[PDB]
Every structure is written in structure tokens, then in C-alpha cells.
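Student: One structure is given below, represented as C-alpha cells, and several questions about it will come after.
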Amino acid sequence: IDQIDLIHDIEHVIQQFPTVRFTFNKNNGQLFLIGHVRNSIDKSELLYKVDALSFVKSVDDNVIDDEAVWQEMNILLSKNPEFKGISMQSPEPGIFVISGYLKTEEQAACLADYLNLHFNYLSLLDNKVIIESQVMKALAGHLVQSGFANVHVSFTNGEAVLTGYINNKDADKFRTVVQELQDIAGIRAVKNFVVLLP
């Protein structure tokens with residue numbers, strides 16, 4: 001008398017949760033599920049909806065809460081004093097992003113190692129982390145190369161600080177040079193205390 005249409009029913013639910021997939025065993029009624037959701041709230045809504053299907057006897061839940069995964073990661077990072085300026089986020093189910101500032105490449109390498117060994121979703125991770133010594137080098141490089149040999153600089157977590165001396169006649173040039181230093185990935189801020197000589 002027409003059995004319930006199993007397939008249409010299941011798909012009406014799982015189509016609301018991107019990255020979700022399924023299998024059904026009609027001999028014993030077991031529904032298999034896998035994939036990602038943004039957080040524990042989303043996961044909850046999914047599981048109720050398939051549980052509600054007439055023909056579904058049981059559920060093997062292999063779906064991942066993404067939020068749990070990166071907050072856990074951020075805790076672990078914070079315990080390493082070298083990783084202080086670094087954190088992880090997720091913009092979309094099944095995607096992770098790591099960002100911020102480390103001091104040296106030595107510190108960058110430790111970070112990489114730590115993730116291969118200690119993160120299970122490396123295949124889903126975007127890395128955006130900056131190295132401060134590499135930015136600092138390039139800042140100091142560009143100034144001198146530009147003619148400003150008595151301006152010192154220092155970078156740390158997005159901010160660059162300028163001090164020392166320029167000839168009064170070079171104030172307008174110095175301004176454009178700085179606007180160039182800003183094109184470097186990871187510059188978020190600049191402080192100028194350069195003094196002009198008359």
C-alpha cells in the first residue's frame with residue numbers, strides 16, 4: 001500500500017545542514033550520519049530531525065561540532081608562551097582558520113609541528129599567522145633603502161614604532177615611505193616620533 005518513501009524523508013532533513021551525509025539499512029532500520037556543524041546547537045537540531053523519521057530505528061552519529069574543536073585548540077596554544085599572540089576560529093562548517101603574531105621562525109616551526117601532531121582537522125585548516133622578526137627586518141630594510149638612516153623601528157603584534165632624526169626638508173617624503181611600510185602583510189598600526197632638524 002505504498003511503503004513510506006524513505007529517501008525523500010531523510011533528504012528533507014539533512015539538506016538543511018551543509019556537509020552532512022547519510023546511509024540507511026532497510027534490513028535493520030539503522031541510519032548512519034557523518035559531517036560538520038557550526039556548534040553544539042546545530043548538532044542538536046540535526047539529530048532530533050532524523051530521529052523523528054518513521055522508518056529510522058537507530059542512529060550512528062559521526063557529526064563534528066566545529067566550535068568545540070577551535071576553542072579547545074586556543075586553550076592549548078595559550079599554554080605555550082611562544083604562541084601568546086596566536087588563535088584559531090571557524091567561519092563555516094568544515095573550515096578552520098589560525099591567525100596572529102609569533103616573534104621568530106623558530107617559534108613558527110614549533111607551531112606547525114604542534115598542529116601536525118595535535119590537531120585532527122589539519123586538512124580543513126587555513127593558516128594566517130605573521131612572523132614579527134620577518135616584518136621588522138623588512139620595515140628596517142625599507143627605511144634605510146629609502147634614505148632614512150637615523151630612524152629606528154620596532155615591530156611587535158601589528159604595530160610599528162619610528163624614532164630618531166630626519167632633516168626638516170624630508171618630512172613629506174617620509175610620510176609616503178611609511179604608507180609603503182603599511183603594504184606589508186600584518187601591519188595594523190604605526191607610531192611616528194621622528195624629530196626634524198632645522
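In the C-alpha cells, the first chain shown is A, the next is B, and so on; residue numbers restart at 1 for each chain, and ligands run from 1 in the order shown.
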Might you pull out every residue within 8 Å of region 126-143 of chain A, with only C-alpha atoms counted and same-chain residues fewer than 6 positions away left off, and present them as a list in words?
Tutor: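 The neighbour list is residues 86, 95, 96, 97, 98, 99, 100, 101, 102, 103, 104, 105, 108, 149, 151, 152, 153, 154, 155, 156, 157, 177, 181, 184, 185 and 186 of chain A.
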Student: Skip residue 11 (chain A) itself and residues of its chain fewer than 3 positions away, then list as an MDAnalysis selection string all residues within 10 Å of it, counting only C-alpha atoms.
Tutor: chainID A and resid 6:8 14:16 21:22 50
Student: Name all residues at most 8 Å from residue 111 (chain A) (count only C-alpha atoms; drop same-chain ones fewer than 4 positions away) and give them as an mmCIF file with N, CA and C atoms, in the first residue's frame.
Tutor:
```cif
data_model
loop_
_atom_site.group_PDB
_atom_site.id
_atom_site.type_symbol
_atom_site.label_atom_id
_atom_site.label_comp_id
_atom_site.auth_asym_id
_atom_site.auth_seq_id
_atom_site.Cartn_x
_atom_site.Cartn_y
_atom_site.Cartn_z
ATOM 1 N N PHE A 83 53.490 30.969 21.677
ATOM 2 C CA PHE A 83 52.245 31.089 20.889
ATOM 3 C C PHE A 83 51.230 32.150 21.410
ATOM 4 N N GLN A 107 59.883 29.874 16.530
ATOM 5 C CA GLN A 107 58.525 29.848 17.111
ATOM 6 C C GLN A 107 57.439 29.416 16.090
ATOM 7 N N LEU A 115 50.552 21.496 15.565
ATOM 8 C CA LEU A 115 49.376 21.178 14.744
ATOM 9 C C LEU A 115 49.439 19.822 14.013
#
```
Student: What separation in Å, quoted to one decimal, exists between CA of residue 113 (chain A) and CA of residue 77 (chain A)?
Tutor: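 We find that CA of residue 113 (chain A) and CA of residue 77 (chain A) lie 12.2 Å from each other.
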Student: Select, from A:59, A:92, A:79, A:13, the residue with the minimum atom-to-atom distance to residue 45 (chain A), counting only C-alpha atoms.
Tutor: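 Checking each candidate against residue 45 (chain A), we get A:13 as the closest.
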Student: By how many Å are CA of residue 174 (chain A) and CA of residue 160 (chain A) apart?
Tutor: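 So the two atoms, CA of residue 174 (chain A) and CA of residue 160 (chain A), lie 14.4 Å apart.
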